[PDB]
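Going down the list, the sequences are from chains A and B. Going by the entry's author numbering, the first residue of the first sequence is number 4, and it counts up by one from there. Going by the entry's author numbering, the first residue of the second sequence is number 3, and it counts up by one from there. Taking it in order: structure first as structure tokens, then the write-up.
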Amino acid sequence: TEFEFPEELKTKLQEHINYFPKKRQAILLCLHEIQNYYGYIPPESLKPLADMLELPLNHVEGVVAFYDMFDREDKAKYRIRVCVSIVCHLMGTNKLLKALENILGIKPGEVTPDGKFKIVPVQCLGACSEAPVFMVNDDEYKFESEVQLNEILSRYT
Amino acid sequence: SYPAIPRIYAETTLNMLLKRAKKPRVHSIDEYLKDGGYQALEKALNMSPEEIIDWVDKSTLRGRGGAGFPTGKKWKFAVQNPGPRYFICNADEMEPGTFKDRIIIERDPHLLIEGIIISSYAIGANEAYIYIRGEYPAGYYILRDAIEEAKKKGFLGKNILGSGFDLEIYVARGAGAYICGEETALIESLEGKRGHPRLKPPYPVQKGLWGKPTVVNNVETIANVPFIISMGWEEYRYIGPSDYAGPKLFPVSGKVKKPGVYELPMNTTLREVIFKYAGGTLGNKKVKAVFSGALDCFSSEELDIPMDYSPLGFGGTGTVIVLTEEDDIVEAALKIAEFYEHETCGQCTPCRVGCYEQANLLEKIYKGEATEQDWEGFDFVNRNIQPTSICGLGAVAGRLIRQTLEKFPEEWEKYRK
Ligand SMILES: Cc1cc2nc3c(=O)[nH]c(=O)nc-3n(C[C@H](O)[C@H](O)[C@H](O)COP(=O)(O)O)c2cc1C
Ligand code: SF4
Ligand code: FES
Ligand SMILES: [Cl-]
Ligand code: NA
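In structure tokens form, the structure reads like this:
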């Protein structure tokens, strides 16, 4: 049957849509919410959302494709966004990636066998003074050492 | 309860934008009000919109977002056009080294909201927007909750403090396009479309959000507004040099002992920023070069320049990335090339191919896989990104890298071999 949103999701989506003066302005908050729920943007989920937004599907797809943050390719509970830009690279992005490889056994762009962690190479995260920087979903941290990183990641279950 | 944020070091000599934000925690409305907050708003709502515009103009407040456009004048241009109008606070950061705006948003959200309300009232906007990057979730939730705080204290909503002025502030989110920081693209995203900039003119202050006069202003710009109203434009123009007056946030990063955001006046030298305030270099290694975000490159011989918007001044957003004698200038330029590779939106052909190929060939140069044609090609591509570009990204993608070829040729020659 027609794919449909769980009500604990559809409630939030409906809230986002009513937040702005025009429904269409909600598209990015809906996608953030959809990816937060599913661990990725299910292709199946865009048709219902287009209806919800009173926008064409091809518009919605075109938007998903354009924005780096949205992934319709790979599922992951937790996205380790690793900053690879100028400052983080100078201050030891590599030692962070090395530690991530050692602990999780995956390189940038890859997902752990349990689909728990995906490492995502991103541009500057806006905490250059706390370099090298990474996020674990919404949580943002300075990398200090492998032992320090191992402890943080233990907090994600 | 908000997500984890690293506690960037903050230090001020003026005790204005960072008076609260120097302490690395959320300051909620009762604290803001206790430092006399929203009193500038009360004062402003008892002046006419036109007189606020005058004060902001006489202040000499300039855009903090990298344009250095005189803020008072931007507002004048907005209000020449018929209402209704919209005020947008550019919460998008993206540019590397730049983390000044996040410490206002995350620590003193109310300074920003007060700024947005006064500025909105000045241009007669009854609807305002904060477009905050998606990599700032804490800032998103902190702004949403802090706006709710302002609503309940009756600073937002309809007929605010019996003034007759209506304002809602809406918080939209990015999803990882840098170009969404360029003011026309930001509006395209707010309208629920791809972050593709518009051909100018029309300019936003004439045709912007749904073709209505639109003021887009940087987080740091809007943060200055309450001070101008509260202190008076005379007392504000007294801070630092009269021609580029007021407090400035300098995000300092790289090989310095005390990296963080510094609130200084703009007659501070780039040497003062690094060595007096930022506590000098790591290992006291000689400074090699300073990168002004992804915009410019200054050598160790240009440290004596003011941090103001003047021609021979530092300018930009006041972003200071410090490299020492032991840092590869080429490897650095590669990482600036790779930034512009990712963040060209691909509308304009020289920019789309130029930004990508610059990075592709420089990567080959850096790895010692470059043919002599890839070298000649890298050089040509770099000087041919600007042509046809309808926004500043194409104009600047090759700028920094060119300066490094000019100022450090010996280090680039190491890579020719
Ligand atoms: C490609 C590009 C990206 C930009 N990104 C940002 C940004 O992240 N933040 C910002 O405040 N201004 C950014 N700007 C500058 C804006 O075009 C504009 O100058 C600014 O939003 C106006 O604020 P101001 O008057 O306070 O300077 C960018 C400009 C361009 C061309
Ligand atoms: S110059 Fe580059 S980033 Fe700017 S609109 Fe053209 S293609 Fe997009
Ligand atoms: S360079 Fe990594 S956060 Fe900016
Ligand atoms: Cl104040
Ligand atoms: Na964005």
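Every residue, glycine too, gets a C-beta built ideally from N, C-alpha and C.
With 8 Å set as the bound, which would you pick, yes or no: does the beta-carbon of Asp329/B sit closer than that to a beta-carbon of chain A?
Yes, contact with chain A.
So, are the CB atoms of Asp310/B and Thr62/B less than 8 Å apart?
No, the Cβ-Cβ distance between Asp310/B and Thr62/B is not below 8 Å.
By the 8 Å beta-carbon criterion, what residues does the segment 12-43 of chain A contribute toward chain B?
The residues in question are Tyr22, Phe23, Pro24, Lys25, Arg27, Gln28, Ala29, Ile30, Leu31, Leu32, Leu34, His35.
Drop a sphere of 10 angstroms on the beta-carbon of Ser132/A, count the other beta-carbons inside from all chains shown, and report buried for 16 or more, exposed for fewer.
Answer is buried; the Cβ neighbour count reaches 16.
Residues bridged to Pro249/B (per DSSP)
BP columns for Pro249/B point to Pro267/B.
Is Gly178/B close to chain A? Criterion is C-beta to C-beta, closer than 8 Å.
Closer than 8 Å: yes.
Opposing strand residues paired with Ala12/B [DSSP bridges]
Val263/B, per the DSSP bridge assignment.
Mind listing, in chain order, the continuous alpha helix (DSSP H) runs of no fewer than 4 residues lying wholly within the segment 65-151 of chain B?
Along the segment 65-151 of chain B, the alpha helix (DSSP H) occurs as fully enclosed runs of 4 or more residues at 73-82, 102-109, 111-125, listed in sequence order.
What first and last residue would you give for the beta strand (DSSP E) that runs through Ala174/B?
Bounds of the beta strand (DSSP E) holding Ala174/B are 170-175.
Can you say whether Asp54/A is buried or exposed, counting buried as having 16 or more other CB atoms within 10 angstroms of its CB?
Its Cβ having fewer than 16 others within 10 Å, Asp54/A is exposed.
Roughly how many whole angstroms lie between the Cα atoms of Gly396/B and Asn384/B?
For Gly396/B and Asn384/B, the gap between their C-alpha atoms comes out near 10 Å.
Can you name the residues of chain B whose CB is closer than 8 Å to the CB of residue 164/A?
This structure cannot settle anything about residue 164/A, because the visible part of chain A is limited to 4 through 160.
For ligand 7, is there any heavy atom lying closer than 7 Å to the beta carbon of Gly39/B?
Absence of ligand 7 from the depicted structure is noted, with ligand 1, ligand 2, ligand 3, ligand 4 and ligand 5 being the only ligands included.
Residues whose Cβ lies closer than 6 Å to any heavy atom of ligand 2, in chain order:
Cβ atoms closer than 6 Å to ligand 2 belong to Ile181/B, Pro199/B, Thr346/B, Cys347/B, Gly348/B, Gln349/B, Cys350/B, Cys353/B, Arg354/B, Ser391/B, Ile392/B, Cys393/B, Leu395/B, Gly396/B.
For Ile331/B and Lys290/B, believed in contact at Cβ under 8 Å, the rounded distance
About 7 Å separates the two Cβ atoms, so the contact holds.
Over what stretch of residues does the alpha helix (DSSP H) that includes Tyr34/B continue unbroken?
Counting along the chain, the alpha helix (DSSP H) containing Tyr34/B begins and ends at 31-36.
Sorted by chain position, which residues of the same chain lie with C-beta nearer than 8 Å to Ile134/B's C-beta, five sequence neighbours on each side aside?
Residues of the same chain with a CB within less than 8 Å of the CB of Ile134/B, apart from the 5 flanking positions on each side, are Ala93, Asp94, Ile107, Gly141, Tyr142, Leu145, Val173, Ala174, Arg175, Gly176 in chain order.
With distances taken from each beta carbon to the nearest heavy atom of ligand 3, which residues come in below 6 Å, in chain order?
Shown in chain order are the residues whose CB sits closer than 6 Å to a heavy atom of ligand 3: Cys86/A, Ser88/A, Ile89/A, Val90/A, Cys91/A, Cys127/A, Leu128/A, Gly129/A, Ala130/A, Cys131/A, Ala134/A, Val136/A, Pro98/B.
Taking C-beta pairs closer than 7 Å, name the residues in chain B that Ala134/A reaches, listed in chain order.
Result: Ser255.
When the cut-off is 8 Å and only beta carbons count, does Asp141/A lie next to chain B?
Chain B contact via Cβ: present.
Using a Cβ-based criterion (distance less than 7 Å to any ligand heavy atom), does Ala69/B qualify as near ligand 4?
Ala69/B: no, Cβ never under 7 Å from ligand 4.
Helix, strand or coil for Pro46/A, going by three-state DSSP, please let me know.
Looking at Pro46/A - three-state DSSP - the assignment turns out to be helix.
Measuring alpha carbon to alpha carbon, tell me which of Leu128/A, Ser157/A, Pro135/A ends up nearest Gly178/B.
Cα-wise, what sits closest to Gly178/B is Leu128/A.
Distance, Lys119/A Cα to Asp306/B Cα
Their backbone Cα atoms lie some 51 Å apart in a straight line.
Residues that DSSP places opposite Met138/A in a beta bridge
According to DSSP, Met138/A bridges with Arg84/A, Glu143/A.
Among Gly295/B, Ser255/B, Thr271/B, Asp298/B, which one has its Cα closest to the Cα of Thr283/B?
With distances taken between Cα atoms, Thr283/B lies closest to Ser255/B.
Heavy atom of ligand 5 within 7 Å of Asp94/B beta-carbon
It does: the Cβ of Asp94/B is within 7 Å (strictly closer) of some heavy atom of ligand 5.
Contacts around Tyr34/B, its chain only, beta-carbon distance under 6 Å, and the 5 residues preceding and following it disregarded
Answer for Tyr34/B: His112, listed in chain order.
If we ignore side chains and look at the alpha-carbon of each, how far apart do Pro51/B and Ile90/B end up?
Looking at the two C-alpha atoms, the distance is approximately 17 Å.
Do you know offhand how far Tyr238/B's Cα is from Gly166/B's?
Distance between the alpha carbons of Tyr238/B and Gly166/B is about 28 Å.
What residue from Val355/B, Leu47/B, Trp77/B, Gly370/B has the CA that sits closest to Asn161/B's CA?
Comparing Cα-Cα distances from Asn161/B to each of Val355/B, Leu47/B, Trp77/B, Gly370/B, the minimum goes to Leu47/B.
List the whole-angstrom C-beta distance separating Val63/A from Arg196/B, where the pair is believed to meet the contact cut-off of C-beta under 8 Å.
Contact flag wrong, Cβ pair sits at about 11 Å.
Contact test: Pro313/B Cβ vs ligand 4 heavy atom, cutoff 7 Å
No - ligand 4 has no heavy atom lying nearer than 7 Å to the Cβ of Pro313/B.
Residues of chain A with a CB under 9 Å from the CB of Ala23/B: which are they?
In chain order: nothing, as chain A lies at least about 14 Å away.
Spatial neighbours of residue 2/B within its chain, please: C-beta separation below 6 Å, excluding the five flanking residues on both sides.
Absent from the model: residue 2/B. The displayed extent of chain B is 3 to 419, so no value can be given.
Have a look at the DSSP bridge pairing and note the partners of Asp298/B.
In the DSSP assignment, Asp298/B forms a beta bridge with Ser294/B.
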